[PDB]
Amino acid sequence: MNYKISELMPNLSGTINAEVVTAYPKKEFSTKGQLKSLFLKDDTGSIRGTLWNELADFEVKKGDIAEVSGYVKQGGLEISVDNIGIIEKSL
């Protein structure tokens, strides 16, 4: 089932449909990795999302409503993104 952010639990893998409230600058490091953090929100709460490696270059904009699938862990909670798609563009 699709989850509301308030329903997320640690060590849980699921999908949430949420608004990108913020998209932070991509960070590159070392044989090669990348990180792009997102702050996601729905009508029940907010959570940090982490886009790794190639997904750090995924075209996402503030205001976009995205389908984010991933693993929830304590970082409070954060979702390590496995897959992301745009449901409705900010525009």
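All residue numbers are counted from 1 along the displayed sequence.
Gap check for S30 to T31: 4 to 9 deposited residues are absent from the model. The entry models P10 and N11 with no unmodelled deposited residue separating them.
The deposited model assigns a higher average Cα B-factor to 21-29 than to the other stretch when 21-29 and 63-71 are compared.
The PDB entry assigns its highest CA temperature factor, among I5, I84, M1, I87, to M1.
Ranked within its chain, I16 lands in the lowest third, by CA B factor from the PDB record. Among the modelled residues of its chain, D57 has a C-alpha B-factor that falls in the lowest third, as given in the PDB entry.
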